[PDB]
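In the entry's author numbering, the protein residues as written are 2 to 59, 65 to 433. Even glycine gets a Cβ: it sits at the ideal position worked out from N, Cα and C. Here the structure is laid out as C-alpha coordinates; the discussion comes afterwards.
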Amino acid sequence: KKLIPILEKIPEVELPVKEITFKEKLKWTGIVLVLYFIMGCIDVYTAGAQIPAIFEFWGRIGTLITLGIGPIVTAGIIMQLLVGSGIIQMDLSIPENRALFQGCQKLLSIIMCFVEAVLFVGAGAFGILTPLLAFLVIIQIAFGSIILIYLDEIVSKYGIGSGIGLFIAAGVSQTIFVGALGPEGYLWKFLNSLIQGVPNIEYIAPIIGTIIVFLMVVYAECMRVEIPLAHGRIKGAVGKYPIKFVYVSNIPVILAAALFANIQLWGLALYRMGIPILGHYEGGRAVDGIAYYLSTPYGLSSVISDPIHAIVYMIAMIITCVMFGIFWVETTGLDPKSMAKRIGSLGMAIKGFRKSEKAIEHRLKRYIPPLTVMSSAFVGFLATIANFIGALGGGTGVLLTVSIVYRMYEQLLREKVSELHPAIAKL
(Lines of atoms letter the chains of each structure in order from A and count residues from 1; the text may use other names and numbers.)
(Lines give C-alpha, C1' and ligand atoms only; values in the text may rest on other atoms or scores of the structure.)
Protein backbone atom coordinates (compact mmCIF):
# COMPACT_ATOMS: atom_id res chain seq x y z
CA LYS A 1 0.00 0.00 0.00
CA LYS A 2 1.11 3.62 -0.64
CA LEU A 3 0.09 7.26 -0.89
CA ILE A 4 -1.32 6.25 -4.30
CA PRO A 5 -4.61 8.24 -4.03
CA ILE A 6 -3.32 11.81 -3.81
CA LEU A 7 -0.32 10.53 -5.75
CA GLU A 8 -2.75 9.71 -8.56
CA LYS A 9 -4.27 13.18 -8.18
CA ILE A 10 -0.91 14.87 -8.94
CA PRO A 11 -0.86 15.92 -12.68
CA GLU A 12 1.73 14.66 -15.21
CA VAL A 13 2.71 15.24 -18.81
CA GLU A 14 1.18 13.60 -21.87
CA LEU A 15 4.02 11.86 -23.73
CA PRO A 16 3.23 11.40 -27.48
CA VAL A 17 4.45 8.20 -29.17
CA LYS A 18 4.23 10.39 -32.25
CA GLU A 19 7.08 11.92 -34.20
CA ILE A 20 8.98 14.53 -32.19
CA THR A 21 11.46 15.97 -34.68
CA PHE A 22 14.94 17.09 -33.69
CA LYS A 23 13.91 20.56 -34.82
CA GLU A 24 10.96 20.24 -32.43
CA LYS A 25 12.70 18.90 -29.35
CA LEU A 26 14.92 21.93 -29.93
CA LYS A 27 12.26 24.60 -30.46
CA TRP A 28 10.48 23.18 -27.43
CA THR A 29 13.47 23.49 -25.10
CA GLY A 30 13.93 27.01 -26.36
CA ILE A 31 10.42 27.95 -25.30
CA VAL A 32 11.13 26.63 -21.79
CA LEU A 33 14.48 28.44 -21.57
CA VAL A 34 12.85 31.76 -22.20
CA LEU A 35 9.79 31.52 -19.97
CA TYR A 36 12.51 30.93 -17.38
CA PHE A 37 14.62 33.98 -18.14
CA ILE A 38 11.41 35.94 -18.32
CA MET A 39 10.29 34.89 -14.90
CA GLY A 40 13.63 35.93 -13.53
CA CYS A 41 12.92 39.38 -14.87
CA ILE A 42 9.52 39.77 -13.11
CA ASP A 43 9.31 40.81 -9.44
CA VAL A 44 6.91 39.20 -7.01
CA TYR A 45 3.88 41.29 -6.10
CA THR A 46 4.70 43.12 -2.89
CA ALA A 47 4.14 46.73 -1.86
CA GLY A 48 7.38 46.54 0.01
CA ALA A 49 9.49 47.19 -3.10
CA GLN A 50 12.19 46.66 -0.54
CA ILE A 51 14.29 43.60 0.19
CA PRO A 52 16.88 45.00 2.60
CA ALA A 53 19.72 46.25 0.39
CA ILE A 54 21.09 43.47 2.55
CA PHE A 55 19.75 40.46 0.57
CA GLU A 56 19.20 42.48 -2.59
CA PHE A 57 22.43 41.21 -4.18
CA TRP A 58 21.60 37.71 -2.87
CA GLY A 59 21.31 35.52 -5.98
CA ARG A 60 17.72 35.90 -7.27
CA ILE A 61 15.07 36.26 -4.55
CA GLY A 62 12.46 38.86 -5.27
CA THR A 63 11.39 37.33 -8.56
CA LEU A 64 8.72 34.85 -9.64
CA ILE A 65 11.31 32.15 -9.18
CA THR A 66 12.72 33.29 -5.81
CA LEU A 67 12.76 29.62 -4.84
CA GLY A 68 13.98 28.14 -8.13
CA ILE A 69 15.26 24.59 -8.36
CA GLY A 70 15.66 24.92 -4.59
CA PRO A 71 12.69 22.67 -3.61
CA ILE A 72 13.17 20.12 -6.39
CA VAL A 73 16.69 19.54 -5.18
CA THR A 74 15.73 19.49 -1.49
CA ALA A 75 13.21 16.70 -2.10
CA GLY A 76 15.72 14.71 -4.07
CA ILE A 77 18.02 15.16 -1.08
CA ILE A 78 15.56 13.49 1.30
CA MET A 79 14.83 10.48 -0.88
CA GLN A 80 18.52 9.87 -1.55
CA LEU A 81 18.76 10.10 2.22
CA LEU A 82 16.01 7.58 3.15
CA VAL A 83 16.15 5.17 0.20
CA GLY A 84 19.86 5.69 0.71
CA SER A 85 20.68 4.80 4.30
CA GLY A 86 18.49 1.74 3.94
CA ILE A 87 16.09 3.48 6.34
CA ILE A 88 13.40 2.49 3.84
CA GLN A 89 15.05 -0.24 1.75
CA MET A 90 13.60 -0.59 -1.76
CA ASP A 91 14.71 -2.66 -4.73
CA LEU A 92 13.59 -0.43 -7.58
CA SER A 93 14.06 -3.06 -10.31
CA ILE A 94 10.27 -3.55 -10.52
CA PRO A 95 8.35 -0.71 -12.21
CA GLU A 96 6.70 -0.45 -8.78
CA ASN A 97 9.63 0.69 -6.64
CA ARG A 98 10.90 2.71 -9.61
CA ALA A 99 7.66 4.69 -10.12
CA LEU A 100 7.18 4.61 -6.34
CA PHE A 101 10.52 6.21 -5.49
CA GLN A 102 9.74 8.72 -8.27
CA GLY A 103 6.04 9.52 -7.96
CA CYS A 104 6.70 9.93 -4.27
CA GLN A 105 9.71 12.25 -4.55
CA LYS A 106 7.65 14.39 -6.91
CA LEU A 107 4.89 14.91 -4.36
CA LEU A 108 7.47 15.87 -1.69
CA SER A 109 8.95 18.25 -4.18
CA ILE A 110 5.63 20.17 -3.97
CA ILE A 111 5.49 19.81 -0.21
CA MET A 112 8.99 21.30 0.00
CA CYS A 113 7.83 23.76 -2.66
CA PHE A 114 5.60 25.47 -0.08
CA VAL A 115 7.75 24.69 2.98
CA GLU A 116 10.71 26.49 1.39
CA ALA A 117 8.35 29.35 0.35
CA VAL A 118 7.26 29.88 3.93
CA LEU A 119 10.77 29.13 5.18
CA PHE A 120 12.07 31.92 2.92
CA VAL A 121 9.76 34.72 4.09
CA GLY A 122 10.06 33.26 7.58
CA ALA A 123 13.82 33.66 7.23
CA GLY A 124 13.04 37.32 6.59
CA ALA A 125 13.97 37.28 2.92
CA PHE A 126 11.77 40.28 2.21
CA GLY A 127 11.57 42.26 5.44
CA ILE A 128 7.87 43.10 5.93
CA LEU A 129 6.12 40.11 7.52
CA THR A 130 2.59 41.56 7.04
CA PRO A 131 0.68 38.33 7.92
CA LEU A 132 -1.55 39.17 4.93
CA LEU A 133 1.07 40.20 2.36
CA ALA A 134 3.37 37.46 3.76
CA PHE A 135 0.79 34.81 2.92
CA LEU A 136 0.16 36.28 -0.59
CA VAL A 137 3.87 36.26 -1.35
CA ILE A 138 4.45 32.65 -0.24
CA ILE A 139 1.66 31.74 -2.70
CA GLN A 140 3.24 33.23 -5.82
CA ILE A 141 6.73 32.12 -4.81
CA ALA A 142 6.12 28.41 -4.33
CA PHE A 143 3.69 28.46 -7.34
CA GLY A 144 6.41 29.73 -9.63
CA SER A 145 8.72 27.01 -8.44
CA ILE A 146 5.84 24.73 -9.38
CA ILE A 147 5.87 25.97 -12.97
CA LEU A 148 9.51 24.91 -13.06
CA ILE A 149 8.64 21.45 -11.80
CA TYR A 150 6.22 21.25 -14.72
CA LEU A 151 8.43 23.07 -17.22
CA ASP A 152 10.98 20.43 -16.32
CA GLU A 153 8.57 17.62 -17.07
CA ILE A 154 8.02 19.34 -20.41
CA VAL A 155 11.65 19.52 -21.44
CA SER A 156 12.19 16.02 -19.97
CA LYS A 157 9.66 14.70 -22.47
CA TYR A 158 9.42 17.18 -25.35
CA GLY A 159 12.93 18.60 -25.64
CA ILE A 160 16.65 17.99 -25.11
CA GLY A 161 18.88 17.66 -22.05
CA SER A 162 17.01 18.42 -18.84
CA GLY A 163 15.06 21.12 -17.12
CA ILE A 164 17.02 21.28 -13.91
CA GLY A 165 20.40 20.90 -15.63
CA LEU A 166 19.32 23.54 -18.13
CA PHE A 167 17.94 25.91 -15.49
CA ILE A 168 21.21 25.53 -13.68
CA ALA A 169 23.39 26.09 -16.72
CA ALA A 170 20.95 28.73 -17.87
CA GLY A 171 21.28 30.57 -14.57
CA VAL A 172 25.02 30.51 -14.22
CA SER A 173 25.60 31.55 -17.83
CA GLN A 174 23.23 34.48 -17.50
CA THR A 175 24.78 35.46 -14.21
CA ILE A 176 28.07 35.70 -16.09
CA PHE A 177 27.13 37.61 -19.22
CA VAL A 178 25.22 40.08 -17.10
CA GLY A 179 27.58 40.30 -14.18
CA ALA A 180 30.52 40.99 -16.45
CA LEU A 181 28.99 42.87 -19.35
CA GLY A 182 25.52 44.00 -18.33
CA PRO A 183 24.28 47.39 -17.05
CA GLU A 184 26.31 47.68 -13.85
CA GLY A 185 28.67 45.29 -15.67
CA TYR A 186 32.09 44.50 -14.20
CA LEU A 187 34.19 44.67 -17.39
CA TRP A 188 32.91 48.22 -17.73
CA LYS A 189 33.39 49.06 -14.03
CA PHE A 190 36.99 48.16 -14.75
CA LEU A 191 37.51 49.69 -18.18
CA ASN A 192 35.85 52.86 -16.88
CA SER A 193 37.97 52.66 -13.76
CA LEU A 194 40.90 52.69 -16.25
CA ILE A 195 39.70 55.75 -18.09
CA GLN A 196 39.00 57.52 -14.73
CA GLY A 197 42.73 56.89 -14.26
CA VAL A 198 42.46 54.93 -10.99
CA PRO A 199 43.02 51.30 -12.15
CA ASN A 200 40.91 49.19 -9.79
CA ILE A 201 42.13 45.57 -9.82
CA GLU A 202 39.05 44.59 -7.76
CA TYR A 203 36.74 45.26 -10.74
CA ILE A 204 38.49 42.89 -13.12
CA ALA A 205 39.33 40.49 -10.35
CA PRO A 206 36.12 38.42 -10.35
CA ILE A 207 36.18 38.21 -14.15
CA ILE A 208 39.60 36.55 -14.03
CA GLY A 209 38.55 34.29 -11.17
CA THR A 210 35.93 32.92 -13.42
CA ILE A 211 38.17 32.40 -16.45
CA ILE A 212 40.57 30.46 -14.26
CA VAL A 213 37.75 28.36 -12.80
CA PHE A 214 36.32 27.62 -16.26
CA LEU A 215 39.76 26.67 -17.64
CA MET A 216 40.22 24.50 -14.58
CA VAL A 217 36.73 22.98 -14.48
CA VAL A 218 37.04 22.03 -18.11
CA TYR A 219 40.39 20.34 -17.77
CA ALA A 220 38.99 18.03 -15.10
CA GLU A 221 35.83 17.53 -17.15
CA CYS A 222 38.02 15.97 -19.81
CA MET A 223 39.59 13.22 -17.69
CA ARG A 224 38.15 9.81 -18.37
CA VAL A 225 38.42 6.22 -17.30
CA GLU A 226 39.10 4.16 -20.39
CA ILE A 227 38.05 0.54 -20.10
CA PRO A 228 39.40 -1.67 -22.94
CA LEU A 229 36.85 -4.03 -24.53
CA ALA A 230 36.96 -7.59 -25.79
CA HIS A 231 36.35 -8.08 -29.48
CA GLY A 232 32.71 -8.71 -30.44
CA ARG A 233 33.37 -12.36 -31.34
CA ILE A 234 36.27 -11.14 -33.52
CA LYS A 235 39.92 -11.29 -32.39
CA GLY A 236 42.57 -8.81 -31.20
CA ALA A 237 42.72 -5.42 -29.46
CA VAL A 238 39.46 -3.53 -29.90
CA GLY A 239 37.42 -1.17 -27.74
CA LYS A 240 38.69 1.30 -25.14
CA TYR A 241 35.34 2.57 -23.73
CA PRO A 242 35.61 5.81 -21.72
CA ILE A 243 33.52 6.92 -18.74
CA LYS A 244 32.99 10.51 -17.64
CA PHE A 245 35.00 10.32 -14.44
CA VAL A 246 33.59 13.72 -13.38
CA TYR A 247 30.00 13.74 -14.72
CA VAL A 248 29.51 10.53 -12.72
CA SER A 249 29.16 12.55 -9.53
CA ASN A 250 27.27 15.44 -11.14
CA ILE A 251 23.71 15.15 -9.70
CA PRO A 252 25.58 14.08 -6.61
CA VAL A 253 27.54 17.27 -5.95
CA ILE A 254 24.42 19.21 -6.91
CA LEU A 255 22.87 17.49 -3.89
CA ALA A 256 25.75 18.25 -1.55
CA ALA A 257 26.02 21.97 -2.21
CA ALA A 258 22.24 21.81 -2.13
CA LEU A 259 22.28 20.42 1.40
CA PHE A 260 24.46 23.23 2.70
CA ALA A 261 21.91 25.42 0.98
CA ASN A 262 19.07 24.12 3.08
CA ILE A 263 21.20 24.43 6.24
CA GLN A 264 22.19 28.11 5.97
CA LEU A 265 18.56 28.77 5.07
CA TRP A 266 17.19 26.53 7.83
CA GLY A 267 19.61 28.05 10.31
CA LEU A 268 18.78 31.69 9.66
CA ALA A 269 15.14 30.64 9.31
CA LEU A 270 15.23 28.78 12.63
CA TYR A 271 17.10 31.77 14.10
CA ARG A 272 14.95 34.85 13.59
CA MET A 273 12.03 32.53 14.41
CA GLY A 274 13.18 30.56 17.43
CA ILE A 275 16.33 29.26 19.09
CA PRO A 276 19.88 29.38 17.56
CA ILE A 277 20.03 25.60 17.06
CA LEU A 278 22.43 25.73 14.08
CA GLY A 279 24.09 29.11 14.48
CA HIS A 280 24.07 32.83 15.27
CA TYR A 281 23.66 34.65 11.96
CA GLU A 282 23.41 38.43 12.26
CA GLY A 283 24.06 40.68 9.34
CA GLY A 284 22.17 38.46 7.03
CA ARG A 285 24.32 35.33 6.97
CA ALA A 286 25.85 33.23 9.75
CA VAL A 287 28.89 34.30 11.76
CA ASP A 288 28.83 31.35 14.19
CA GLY A 289 27.66 27.78 14.65
CA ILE A 290 27.36 24.78 12.32
CA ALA A 291 26.02 27.22 9.75
CA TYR A 292 29.23 29.24 9.92
CA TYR A 293 31.53 26.25 9.58
CA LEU A 294 29.41 25.15 6.60
CA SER A 295 29.27 28.37 4.55
CA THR A 296 31.05 28.59 1.17
CA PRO A 297 33.68 31.47 1.31
CA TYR A 298 33.55 32.53 -2.42
CA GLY A 299 32.06 35.62 -4.04
CA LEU A 300 34.85 37.96 -5.13
CA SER A 301 38.13 37.02 -3.44
CA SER A 302 39.41 34.05 -1.44
CA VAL A 303 39.37 34.55 2.32
CA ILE A 304 42.62 33.48 3.94
CA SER A 305 41.66 35.18 7.19
CA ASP A 306 40.28 31.89 8.64
CA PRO A 307 42.41 28.79 7.75
CA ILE A 308 40.43 26.49 10.06
CA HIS A 309 37.09 27.56 8.54
CA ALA A 310 38.45 26.48 5.16
CA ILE A 311 39.76 23.07 6.11
CA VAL A 312 36.52 22.17 7.89
CA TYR A 313 34.38 23.24 4.94
CA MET A 314 36.46 21.31 2.40
CA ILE A 315 36.42 18.16 4.54
CA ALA A 316 32.76 18.81 5.32
CA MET A 317 31.93 19.11 1.62
CA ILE A 318 34.15 16.15 0.62
CA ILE A 319 32.44 13.70 2.95
CA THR A 320 28.95 14.95 2.04
CA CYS A 321 29.77 14.24 -1.59
CA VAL A 322 31.10 10.75 -1.04
CA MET A 323 27.77 10.22 0.74
CA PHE A 324 25.21 11.21 -1.88
CA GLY A 325 27.51 9.43 -4.27
CA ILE A 326 27.11 6.13 -2.46
CA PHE A 327 23.40 6.92 -1.94
CA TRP A 328 23.38 7.32 -5.71
CA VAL A 329 24.67 3.73 -5.86
CA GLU A 330 22.14 1.93 -3.62
CA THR A 331 19.66 3.75 -5.86
CA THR A 332 19.38 4.33 -9.61
CA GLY A 333 22.97 5.13 -10.58
CA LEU A 334 25.03 2.80 -12.83
CA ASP A 335 23.27 -0.58 -12.40
CA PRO A 336 25.40 -3.62 -13.60
CA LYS A 337 22.23 -5.67 -13.83
CA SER A 338 21.33 -3.81 -17.04
CA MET A 339 24.95 -3.16 -18.09
CA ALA A 340 24.93 -6.95 -18.07
CA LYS A 341 23.21 -7.95 -21.32
CA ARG A 342 23.57 -4.49 -22.87
CA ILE A 343 27.26 -5.37 -23.03
CA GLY A 344 26.46 -9.04 -23.59
CA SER A 345 24.35 -8.55 -26.71
CA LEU A 346 27.41 -7.19 -28.54
CA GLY A 347 29.30 -9.83 -26.61
CA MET A 348 31.96 -7.33 -25.62
CA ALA A 349 33.40 -8.51 -22.27
CA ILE A 350 36.03 -6.19 -20.70
CA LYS A 351 39.64 -6.29 -21.91
CA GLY A 352 40.75 -8.26 -18.88
CA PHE A 353 38.67 -11.41 -19.35
CA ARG A 354 35.31 -13.26 -18.87
CA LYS A 355 32.87 -13.18 -21.79
CA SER A 356 29.92 -14.16 -19.51
CA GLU A 357 26.87 -12.37 -18.12
CA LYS A 358 27.24 -13.06 -14.39
CA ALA A 359 30.91 -12.69 -15.28
CA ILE A 360 31.20 -9.12 -16.54
CA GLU A 361 28.11 -8.39 -14.36
CA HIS A 362 30.42 -9.08 -11.46
CA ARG A 363 33.62 -7.31 -12.51
CA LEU A 364 31.26 -4.35 -13.05
CA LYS A 365 29.34 -4.46 -9.72
CA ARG A 366 32.86 -4.50 -8.28
CA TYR A 367 34.63 -1.66 -10.13
CA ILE A 368 31.64 0.62 -9.60
CA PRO A 369 31.73 1.79 -5.92
CA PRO A 370 35.43 2.73 -5.88
CA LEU A 371 34.77 4.68 -9.03
CA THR A 372 31.58 6.36 -7.68
CA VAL A 373 33.45 7.19 -4.52
CA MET A 374 36.69 8.31 -6.09
CA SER A 375 34.90 10.56 -8.58
CA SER A 376 32.69 12.35 -6.12
CA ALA A 377 35.41 12.78 -3.49
CA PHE A 378 37.41 14.51 -6.22
CA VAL A 379 34.63 16.64 -7.71
CA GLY A 380 33.43 17.91 -4.36
CA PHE A 381 37.08 18.75 -3.62
CA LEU A 382 37.50 20.53 -6.95
CA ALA A 383 34.23 22.37 -6.52
CA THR A 384 35.12 23.48 -3.03
CA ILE A 385 38.54 24.63 -4.23
CA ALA A 386 36.87 26.29 -7.24
CA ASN A 387 34.99 28.25 -4.61
CA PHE A 388 37.99 29.34 -2.59
CA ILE A 389 39.24 30.83 -5.85
CA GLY A 390 35.76 32.18 -6.26
CA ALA A 391 34.27 33.07 -9.61
CA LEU A 392 31.30 34.89 -11.14
CA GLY A 393 28.16 32.76 -11.12
CA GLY A 394 29.52 30.50 -8.43
CA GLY A 395 32.65 28.43 -8.62
CA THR A 396 30.67 25.27 -7.98
CA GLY A 397 27.84 26.32 -10.30
CA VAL A 398 30.32 27.15 -13.04
CA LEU A 399 31.41 23.53 -12.65
CA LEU A 400 27.92 21.98 -12.94
CA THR A 401 27.30 24.37 -15.88
CA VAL A 402 30.40 23.25 -17.84
CA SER A 403 29.38 19.63 -17.41
CA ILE A 404 25.66 20.19 -17.94
CA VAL A 405 26.41 22.23 -21.00
CA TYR A 406 28.74 19.65 -22.51
CA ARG A 407 26.45 16.68 -21.63
CA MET A 408 24.00 18.89 -23.52
CA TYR A 409 26.24 19.12 -26.54
CA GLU A 410 26.48 15.36 -26.52
CA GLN A 411 22.74 15.19 -26.28
CA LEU A 412 22.42 17.50 -29.30
CA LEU A 413 24.71 15.09 -31.16
CA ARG A 414 23.16 11.75 -30.29
CA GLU A 415 20.11 13.54 -31.65
CA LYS A 416 21.48 14.96 -34.87
CA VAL A 417 22.20 11.30 -35.66
CA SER A 418 19.15 9.45 -34.39
CA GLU A 419 17.51 11.83 -36.86
CA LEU A 420 18.57 9.45 -39.64
CA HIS A 421 18.41 5.74 -38.68
CA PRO A 422 14.96 5.46 -37.07
CA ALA A 423 15.92 2.45 -34.91
CA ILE A 424 19.27 2.49 -33.13
CA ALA A 425 17.80 4.44 -30.20
CA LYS A 426 19.68 2.25 -27.68
CA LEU A 427 23.19 1.97 -29.16
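First through last residue of the alpha helix (DSSP H) which encompasses residue i
| i | result |
| --- | --- |
| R278 | Element bounds for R278: n/a, residue is neither H nor E. |
| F183 | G169 to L187 |
| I217 | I207 to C228 |
| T407 | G401 to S424 |
| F251 | Run containing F251: none; DSSP gives neither H nor E here. |
| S91 | Per DSSP, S91 belongs to no alpha helix (DSSP H) and is neither H nor E. |
| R372 | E363 to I395 |
| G350 | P342 to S351 |
| residue 1 | Outside the shown range of the chain, which is 2 to 433, sits residue 1, and nothing can be said about it. |
Euclidean distance between Cα positions of residue i and residue j
| i | j | result |
| --- | --- | --- |
| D158 | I240 | 44 Å |
| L87 | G280 | 26 Å |
| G350 | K364 | 10 Å |
| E190 | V252 | 35 Å |
| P137 | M222 | 48 Å |
| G167 | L406 | 14 Å |
| residue 1 | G31 | This structure cannot speak to residue 1, because the chain is shown only from 2 to 433. |
| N206 | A322 | 35 Å |
| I395 | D312 | 15 Å |
| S151 | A292 | 26 Å |
| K371 | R360 | 14 Å |
| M329 | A226 | 21 Å |
| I233 | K112 | 36 Å |
| residue 434 | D44 | The requested residue 434 is not part of the displayed model; the chain covers only 2 to 433. |
| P12 | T216 | 41 Å |
| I153 | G358 | 49 Å |
| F141 | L125 | 12 Å |
| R348 | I283 | 50 Å |
| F149 | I117 | 11 Å |
| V143 | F107 | 31 Å |
| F333 | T69 | 33 Å |
| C42 | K343 | 46 Å |
| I430 | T390 | 40 Å |
| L98 | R104 | 5 Å |
| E288 | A275 | 12 Å |
Simplified DSSP assignment, three categories, for residue i
| i | result |
| --- | --- |
| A243 | strand |
| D44 | strand |
| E15 | coil |
| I116 | helix |
| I314 | helix |
| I166 | coil |
| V231 | strand |
| residue 436 | The structure shown does not extend to residue 436, since the chain spans only 2 to 433, so no value can be given for it. |
| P303 | coil |
| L154 | helix |
| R291 | coil |
| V204 | coil |
| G109 | helix |
| residue 1 | It is not possible to answer for residue 1, since the shown part of the chain is limited to 2 through 433. |
| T337 | coil |
| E20 | coil |
| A129 | coil |
| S99 | coil |
| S308 | coil |
| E25 | helix |
| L398 | coil |
Sub-7 Å separation of residue i and residue j beta-carbons
| i | j | result |
| --- | --- | --- |
| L16 | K195 | no |
| residue 1 | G188 | This structure gives no information on residue 1, because the portion of the chain shown stretches from 2 to 433. |
| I67 | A131 | yes |
| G273 | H286 | no |
| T337 | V89 | yes |
| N393 | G401 | yes |
| residue 447 | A355 | In the structure as shown, the chain begins at 2 and stops at 433. Residue 447 is therefore absent and cannot be evaluated. |
| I374 | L352 | no |
| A81 | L114 | yes |
| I269 | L300 | yes |
| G171 | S255 | no |
| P77 | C119 | yes |
| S199 | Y192 | no |
| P212 | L398 | yes |
| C327 | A267 | no |
| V259 | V79 | no |
| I134 | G49 | yes |
| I249 | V224 | no |
| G290 | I55 | yes |
| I147 | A123 | yes |
Per DSSP, the bridge partner or partners of residue i
| i | result |
| --- | --- |
| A236 | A243 |
| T69 | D44 |
| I356 | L235 |
Check: residue i C-beta below 6 Å from any heavy atom of the ligand SAH
| i | result |
| --- | --- |
| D312 | In the structure on display, the ligand SAH does not appear, and there are no ligands present to speak of. |
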